[PDB]
Amino acid sequence: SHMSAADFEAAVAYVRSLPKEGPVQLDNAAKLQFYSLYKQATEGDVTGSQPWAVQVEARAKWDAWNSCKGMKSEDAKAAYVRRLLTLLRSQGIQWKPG
């Protein structure tokens, strides 16, 4: 019937298996938001040096992770799940973790 932070692992797996063309549209900015929350939730604060700007994807990822600094694991888990629920509802789709 409804979800919580405890649905994080299922949400991550849902995101990772979204096809490139499908009823769910996942834009590049949303990909980075999910990435950053994933990393915060599973590793805590960003580490390592800011990547070279030429490595455009790696740099973007790290910068998104850095934007989450200080967030507790459980809060990042909650945020990731709430963002998927928002994405799905906005596009008229129901999630059933099962």
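Residues numbered from 1 in each chain as written, not as in the entry; some residues may be left out. Heavy atoms only, no water. Residues with missing side-chain atoms left out of burial classes, pairs and counts.

Per the PDB record, this model was obtained through X-ray crystallography at a reported resolution of 1.46 Å.

1. Regarding helix α2 (residues 28–43)
Taking 1.5 Å per residue as the helical rise, α2 with its 16 residues ought to reach 22 Å, and the 22 Å between its terminal C-alpha atoms agrees with that figure. By the burial criterion, the buried members of α2 are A30, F34, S36, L37, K39, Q40 and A41. Buried residues along α2 sit in contact with α1 (8–16), α3 (56–66) and α4 (73–90). In the stretch just after α2, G44 is the one whose phi turns positive, near 75 degrees. (Helix = DSSP H or I, 4+ residues; strand = E, 2+ residues; numbered from the N terminus. Expected span 1.5 Å × (residues − 1). Buried < 20%, exposed > 50% of the residue type's maximum accessible area, 1.4 Å probe, protein only. Contact = heavy atoms within 4.5 Å.)

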